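Below: one structure, written as structure tokens.
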Amino acid sequence: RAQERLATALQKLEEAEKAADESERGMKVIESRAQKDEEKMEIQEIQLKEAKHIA
Amino acid sequence: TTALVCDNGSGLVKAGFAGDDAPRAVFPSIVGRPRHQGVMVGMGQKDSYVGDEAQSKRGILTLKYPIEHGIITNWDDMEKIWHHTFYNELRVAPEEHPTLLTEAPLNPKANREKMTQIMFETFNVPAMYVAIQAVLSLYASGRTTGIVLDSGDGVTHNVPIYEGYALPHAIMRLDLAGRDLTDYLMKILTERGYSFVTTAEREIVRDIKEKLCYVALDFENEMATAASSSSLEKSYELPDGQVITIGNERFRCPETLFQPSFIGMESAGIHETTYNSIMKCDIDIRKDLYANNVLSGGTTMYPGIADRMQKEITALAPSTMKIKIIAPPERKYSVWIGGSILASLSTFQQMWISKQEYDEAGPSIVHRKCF
Amino acid sequence: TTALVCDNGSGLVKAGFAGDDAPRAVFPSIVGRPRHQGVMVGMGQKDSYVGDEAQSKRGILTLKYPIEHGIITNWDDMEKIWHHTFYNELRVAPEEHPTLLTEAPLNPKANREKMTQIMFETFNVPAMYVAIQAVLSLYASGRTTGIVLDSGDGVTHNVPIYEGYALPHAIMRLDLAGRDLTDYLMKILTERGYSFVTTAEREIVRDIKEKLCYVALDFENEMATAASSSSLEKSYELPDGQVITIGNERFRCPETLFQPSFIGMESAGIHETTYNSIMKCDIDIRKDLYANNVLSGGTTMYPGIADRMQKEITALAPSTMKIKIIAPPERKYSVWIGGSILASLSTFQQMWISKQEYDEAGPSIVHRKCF
Amino acid sequence: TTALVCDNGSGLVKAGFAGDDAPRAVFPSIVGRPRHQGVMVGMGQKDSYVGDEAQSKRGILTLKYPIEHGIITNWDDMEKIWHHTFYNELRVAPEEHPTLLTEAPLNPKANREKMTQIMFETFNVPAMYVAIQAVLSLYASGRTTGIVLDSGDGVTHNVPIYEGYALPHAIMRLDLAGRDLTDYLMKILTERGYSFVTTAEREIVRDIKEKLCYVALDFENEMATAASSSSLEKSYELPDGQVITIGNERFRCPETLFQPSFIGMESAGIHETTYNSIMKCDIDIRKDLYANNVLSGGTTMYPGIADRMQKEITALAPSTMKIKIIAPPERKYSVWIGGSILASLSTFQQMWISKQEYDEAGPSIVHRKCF
Ligand SMILES: Nc1ncnc2c1ncn2[C@@H]1O[C@H](COP(=O)(O)OP(=O)(O)O)[C@@H](O)[C@H]1O
Ligand SMILES: Nc1ncnc2c1ncn2[C@@H]1O[C@H](COP(=O)(O)OP(=O)(O)O)[C@@H](O)[C@H]1O
Ligand SMILES: Nc1ncnc2c1ncn2[C@@H]1O[C@H](COP(=O)(O)OP(=O)(O)O)[C@@H](O)[C@H]1O
Numbered sequence: 101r102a103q104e105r106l107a108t109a110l111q112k113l114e115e116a117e118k119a120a121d122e123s124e125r126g127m128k129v130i131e132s133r134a135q136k137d138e139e140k141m142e143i144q145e146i147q148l149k150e151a152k153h154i155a
Numbered sequence: 005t006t007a008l009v010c011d012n013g014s015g016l017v018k019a020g021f022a023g024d025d026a027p028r029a030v031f032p033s034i035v036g037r038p039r040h041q042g043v044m045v046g047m048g049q050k051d052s053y054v055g056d057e058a059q060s061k062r063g064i065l066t067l068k069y070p071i072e073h074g075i076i077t078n079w080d081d082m083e084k085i086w087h088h089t090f091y092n093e094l095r096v097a098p099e100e101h102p103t104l105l106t107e108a109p110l111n112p113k114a115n116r117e118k119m120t121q122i123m124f125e126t127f128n129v130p131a132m133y134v135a136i137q138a139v140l141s142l143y144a145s146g147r148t149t150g151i152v153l154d155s156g157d158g159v160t161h162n163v164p165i166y167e168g169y170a171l172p173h174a175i176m177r178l179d180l181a182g183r184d185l186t187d188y189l190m191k192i193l194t195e196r197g198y199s200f201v202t203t204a205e206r207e208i209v210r211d212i213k214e215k216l217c218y219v220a221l222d223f224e225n226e227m228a229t230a231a232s233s234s235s236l237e238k239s240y241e242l243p244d245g246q247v248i249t250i251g252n253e254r255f256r257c258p259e260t261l262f263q264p265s266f267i268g269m270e271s272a273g274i275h276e277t278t279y280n281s282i283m284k285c286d287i288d289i290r291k292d293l294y295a296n297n298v299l300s301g302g303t304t305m306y307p308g309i310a311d312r313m314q315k316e317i318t319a320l321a322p323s324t325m326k327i328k329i330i331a332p333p334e335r336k337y338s339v340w341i342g343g344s345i346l347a348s349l350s351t352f353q354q355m356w357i358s359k360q361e362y363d364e365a366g367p368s369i370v371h372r373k374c375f
Numbered sequence: 005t006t007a008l009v010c011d012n013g014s015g016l017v018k019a020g021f022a023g024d025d026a027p028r029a030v031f032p033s034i035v036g037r038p039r040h041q042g043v044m045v046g047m048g049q050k051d052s053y054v055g056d057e058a059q060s061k062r063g064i065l066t067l068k069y070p071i072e073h074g075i076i077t078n079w080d081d082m083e084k085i086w087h088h089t090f091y092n093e094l095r096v097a098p099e100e101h102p103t104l105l106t107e108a109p110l111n112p113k114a115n116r117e118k119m120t121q122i123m124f125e126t127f128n129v130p131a132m133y134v135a136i137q138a139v140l141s142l143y144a145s146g147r148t149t150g151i152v153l154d155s156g157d158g159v160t161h162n163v164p165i166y167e168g169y170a171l172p173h174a175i176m177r178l179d180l181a182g183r184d185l186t187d188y189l190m191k192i193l194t195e196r197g198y199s200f201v202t203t204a205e206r207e208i209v210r211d212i213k214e215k216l217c218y219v220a221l222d223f224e225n226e227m228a229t230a231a232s233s234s235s236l237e238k239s240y241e242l243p244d245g246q247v248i249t250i251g252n253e254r255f256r257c258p259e260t261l262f263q264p265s266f267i268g269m270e271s272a273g274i275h276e277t278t279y280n281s282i283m284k285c286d287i288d289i290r291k292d293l294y295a296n297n298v299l300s301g302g303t304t305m306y307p308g309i310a311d312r313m314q315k316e317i318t319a320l321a322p323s324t325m326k327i328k329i330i331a332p333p334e335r336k337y338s339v340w341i342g343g344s345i346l347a348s349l350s351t352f353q354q355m356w357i358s359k360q361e362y363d364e365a366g367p368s369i370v371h372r373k374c375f
Numbered sequence: 005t006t007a008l009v010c011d012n013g014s015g016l017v018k019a020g021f022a023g024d025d026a027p028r029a030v031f032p033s034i035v036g037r038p039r040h041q042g043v044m045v046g047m048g049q050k051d052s053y054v055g056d057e058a059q060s061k062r063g064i065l066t067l068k069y070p071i072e073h074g075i076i077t078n079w080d081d082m083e084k085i086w087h088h089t090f091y092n093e094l095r096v097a098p099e100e101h102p103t104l105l106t107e108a109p110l111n112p113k114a115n116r117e118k119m120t121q122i123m124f125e126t127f128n129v130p131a132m133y134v135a136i137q138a139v140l141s142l143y144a145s146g147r148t149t150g151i152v153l154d155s156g157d158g159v160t161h162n163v164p165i166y167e168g169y170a171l172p173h174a175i176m177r178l179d180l181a182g183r184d185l186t187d188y189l190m191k192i193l194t195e196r197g198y199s200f201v202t203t204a205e206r207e208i209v210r211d212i213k214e215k216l217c218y219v220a221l222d223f224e225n226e227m228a229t230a231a232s233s234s235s236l237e238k239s240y241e242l243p244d245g246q247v248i249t250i251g252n253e254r255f256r257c258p259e260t261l262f263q264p265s266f267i268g269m270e271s272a273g274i275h276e277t278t279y280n281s282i283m284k285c286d287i288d289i290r291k292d293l294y295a296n297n298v299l300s301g302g303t304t305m306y307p308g309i310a311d312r313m314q315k316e317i318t319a320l321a322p323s324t325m326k327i328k329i330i331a332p333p334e335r336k337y338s339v340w341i342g343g344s345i346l347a348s349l350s351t352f353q354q355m356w357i358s359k360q361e362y363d364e365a366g367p368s369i370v371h372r373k374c375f
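Chains as they are written, first to last, in the deposited numbering: chain L, 101 to 155; chain D, 5 to 375; chain E, 5 to 375; chain F, 5 to 375.
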């Protein structure tokens with residue numbers, strides 16, 4: 101019984117670690133998406149001010 | 005009757021039937037041979053394993069690729085690969101099936117000629133045909149206009165097409181691809197003490213690359229953030245243990261596509277050869293080409309490559325033009341999708357190279373109007 | 005016809021027929037000669053006793069082993085051993101039976117060549133073959149991969165095999181075995197007053213070792229347990245009477261296998277040469293090797309040696325792999341069992357060295373692909 | 005002030021002053037510790053012998069090499085090596101001497117980082133610098149182009165240099181060297197009857213190798229010559245008498261450099277990695293590289309290695325090239341000679357890494373333009 105529960109706890113650890121590291125990858129790609137969003141934002145706000153001043 | 009669609013490529017054979025949504029047989033194009041002694045009598049072991057079987061016995065075999073950069077350099081190995089694909093992965097008799105094969109632009113002529121000679125004499129198909137990979141990518145993409153960047157495993161190329169007319173003088177071909185990215189990643193992993201020298205460890209490194217590498221949006225800022233923080237470090241577990249920790253070489257590897265000087269090449273990045281193919285085209289179609297920039301092939305599968313290439317091409321092109329990069333999720337199989345579509349088209353049934361045409365005209369029939 | 009399987013070993017001869025489940029003749033590999041004068045006329049006594057008879061006449065003879073560490077040092081004695089085995093224990097005519105002999109890895113070549121020359125010239129067998137002990141052990145174990153640790157009485161060796169291919173650069177051989185354990189026990193038994201010096205008291209000490217020694221799962225804790233308690237102290241009754249009591253040297257004797265510095269050797273324990281053989285193999289067969297660690301030979305018969313080996317190799321290898329040690333109850337005879345299997349294989353009947361091949365190519369024909 | 009050129013190597017430390025014609029101190033990079041108990045009270049044994057003394061007390065020590073394949077694995081042992089070099093062999097105070105250190109291509113970065121951290125903090129040198137061994141070989145050879153093959157004792161590498169510019173993408177490194185040749189010679193002598201197992205017998209085997217081994221011009225013909233004649237056998241005198249006679253083992257050991265499958269490596273010989281580095285280089289400089297093939301390091305010192313490598317590279321290259329192999333008699337010390345030249349150059353005096361720069365920027369300063 102001790103060995104059985106050892107192995108089951110191990111496989112559960114494996115599953116949890118899979119989920120957690122996939123979430124880490126997702127949050128990293130999301131924060132990169134967010135900085136790219138922000139830089140596109142600054143560029144488009146600047147061209148917005150240009151267009152509005154020239155208009 | 006049905007046609008087979010075998011997309012060879014340089015490092016992943018994928019085949020199937022014309023009229024399906026996907027290939028039913030995808031395996032590496034490797035041929036392994038045992039390099040050790042062999043002691044157990046009665047084991048009855050073979051002399052060469054091909055395909056996915058050779059991947060389970062990497063620790064015993066020496067792995068060869070029969071296709072270096074598009075070009076086939078080992079015809080015996082390639083004949084073995086084709087035999088395996090026909091009889092063991094697909095289980096079809098190739099004497100009753102037309103076969104559609106693919107190749108990259110600007111290859112030698114003897115490659116294509118010897119390919120058809122094999123397919124008619126050895127495997128004895130009733131008909132066959134060789135297609136350009138970029139055209140099939142464009143079929144599968146649902147377009148008839150666009151510049152397609154097909155980064156495979158041995159060769160990268162751009163092929164601009166407009167309204168179904170291909171502009172051959174603007175085709176670019178570059179010999180930087182996934183195999184060179186794997187070699188560069190092996191070379192820069194040694195900075196942390198990991199060493200992979202065996203042909204069987206090249207596969208471990210390829211899996212590392214596929215699972216962990218990505219394209220940085222800004223290379224200098226990513227280098228700075230990797231130097232400062234430690235939030236980029238990611239671990240990988242080898243077939244044994246000693247989990248390896250990978251830092252900035254997560255994104256220094258695929259950056260070789262945008263800075264080929266990393267591996268000592270003189271040429272320019274993929275963004276710049278794409279832009280150069282554009283500016284090589286006419287002037288009346290450059291807007292459509294900017295708006296229909298199609299990616300395909302396995303080396304275009306890194307996270308962030310679409311955004312990076314859009315940033316670069318947008319910085320290059322004029323400001324009044326809207327750049328767009330089409331990157332489907334099934335990019336790796338686009339050539340096969342397009343090949344299946346094309347071979348199922350009823351108009352195409354007059355374009356095959358029949359066996360009698362070959363018998364009467366020699367293998368030269370392949371560069372002829374029977375393309 | 006039937007083949008004989010003679011597992012010479014070093015300190016125990018095991019012979020039989022190919023196709024049986026066990027050897028039918030197991031006797032010590034000793035040759036004794038009388039050392040006293042001999043007074044009774046008409047006794048008609050012999051000049052040299054071989055095998056199990058010498059162990060009866062121990063008190064009168066000097067017992068010599070003709071095999072030191074795998075290597076044969078006395079060819080006349082070894083020829084007597086073989087003659088006894090063929091004619092008195094098995095009762096067969098060796099000119100009608102092929103003979104399969106066994107040998108340890110990394111022995112001199114003249115050993116094997118002279119063995120072949122004897123078997124063809126003196127005993128006149130029709131065919132013969134020399135096999136490696138570890139391979140035959142793996143046959144008998146039912147595996148086809150796995151790293152085998154064959155600790156006999158002369159030598160200890162690891163031989164990693166994967167899919168029937170042996171990796172010769174990773175073969176390890178150590179000259180620590182049961183004979184050295186017997187000598188160490190003779191030496192440390194003098195701390196309690198018992199003195200065994202004669203060549204025939206070594207057999208008594210070997211019996212003590214076999215019947216009372218065991219491997220401690222933890223050496224310092226057993227040292228302290230013996231220093232405090234007396235629950236691990238056991239007794240033994242000599243052929244003379246006068247029982248002897250064995251204390252903590254019940255487990256200090258086989259601990260020499262894990263700490264060869266006890267007998268002044270430089271090398272590392274069996275648990276560490278096994279791991280070094282693993283780490284000298286490839287990277288993508290190490291998981292299978294960790295999971296298929298096979299023990300054979302008489303010196304692996306101690307109680308607790310499998311559990312100790314597992315604890316040690318587990319503390320050595322990475323924490324994410326299942327380390328498993330295969331230790332059958334019929335370990336001591338594994339080499340012979342595998343030899344019988346091999347010689348009965350119908351595929352093997354073409355691997356014999358026939359007599360005509362020898363007559364035409366000399367004894368050098370032994371090192372050919374029949375190696 | 006004058007600089008110190010310490011080519012720490014891997015298996016031989018070579019030190020001296022910049023501006024000399026040869027190293028002043030040459031001794032093995034070995035740290036020995038006593039492994040027996042020690043009974044004579046009052047003689048005051050020490051706990052670790054380092055250098056040439058450990059070879060005198062070799063019989064009662066365990067010899068460790070602090071550096072395995074270029075890489076340092078024992079930093080405490082390496083600090084002892086350096087301390088011995090500075091104080092007990094050169095008799096200088098490193099607080100007043102710049103120190104040039106040498107390293108192989110493609111090592112971990114922590115190697116250089118810890119090396120400079122130690123040199124600045126433990127030894128307090130005023131400046132230091134880490135150079136590549138192949139560049140220094142090419143200095144000492146009086147060339148400015150050429151492909152240099154530097155075979156030391158842990159690592160072999162090719163570094164193609166043209167006109168003072170190095171081609172980093174063509175640098176090849178191989179982990180087969182003199183230490184693996186010694187291990188193969190041990191393992192291959194065991195088949196003639198001699199066994200050397202201890203770390204103190206490894207040194208005797210290394211001496212046998214240096215003194216009797218050579219490279220065959222034609223391996224198969226020399227094998228047949230040894231199998232038929234007996235004119236190849238030399239005798240060697242062990243440090244206790246009992247001469248040993250070796251036959252084809254003389255040319256079978258260094259043949260591992262040209263067939264690394266002998267020791268179970270998959271890679272290609274040195275003659276083939278040299279040619280592959282050349283073929284990676286640009287097409288316009290391959291003629292000069294073919295003409296300037298420079299050998300250095302102790303493992304390039306066998307008799308016949310230059311002729312063998314010329315035969316091989318000539319059979320590989322096109323038949324219209326002049327293959328030429330430069331093998332000076334002072335090959336073994338080429339790295340040190342070039343290091344002395346470099347450190348004495350007057351242009352070099354602003355390329356040291358000063359103590360101020362280090363205290364400013366941390367050990368990361370090593371990989372900067374001050375390489
Ligand atoms: N998810 C991924 N990320 C990065 N590279 C990948 C990924 N998947 C595959 N690759 C690379 O793509 C290459 C295979 O591309 P593929 O489409 O098979 O070309 P080909 O069929 O011409 O060999 C492999 O070398 C692999 O390294
Ligand atoms: N139960 C046991 N416990 C410990 N040692 C044993 C046991 N049985 C046999 N041995 C040892 O094994 C040795 C014989 O091993 P064996 O397998 O016969 O090798 P070989 O056939 O080469 O002599 C003897 O020296 C004996 O001391
Ligand atoms: N005459 C020789 N023939 C063959 N090998 C030699 C000879 N002299 C030295 N060696 C080998 O060279 C190695 C030392 O090479 P060396 O130039 O000292 O490299 P490092 O300085 O990095 O140790 C030793 O292992 C030795 O076996």
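From the three backbone atoms N, C-alpha and C, an ideal C-beta is built for every residue, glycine too.
Residue i burial status per 10 Å Cβ neighbour count (16 or more: buried)
{"i": "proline 98 of chain F", "result": "buried"}
{"i": "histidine 173 of chain D", "result": "exposed"}
{"i": "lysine 215 of chain D", "result": "exposed"}
Proximity test, residue i beta-carbon vs ligand 1 heavy atom, cut-off 8 Å
{"i": "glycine 342 of chain D", "result": "no"}
{"i": "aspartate 56 of chain D", "result": "no"}
Distance cut-off 8 Å: residue i Cβ against heavy atoms of ligand 3
{"i": "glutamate 125 of chain E", "result": "no"}
{"i": "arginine 372 of chain E", "result": "no"}
{"i": "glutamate 93 of chain F", "result": "no"}
Which of helix, strand or coil DSSP assigns to residue i
{"i": "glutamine 246 of chain F", "result": "strand"}
{"i": "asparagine 297 of chain F", "result": "strand"}
Residue i beta carbon near ligand 2 (any heavy atom closer than 8 Å)
{"i": "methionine 305 of chain E", "result": "yes"}
Is it a yes or a no for the segment 160-180 of chain F touching the segment 309-325 of chain F, going by three-plus beta-carbon pairs under 8 Å? no
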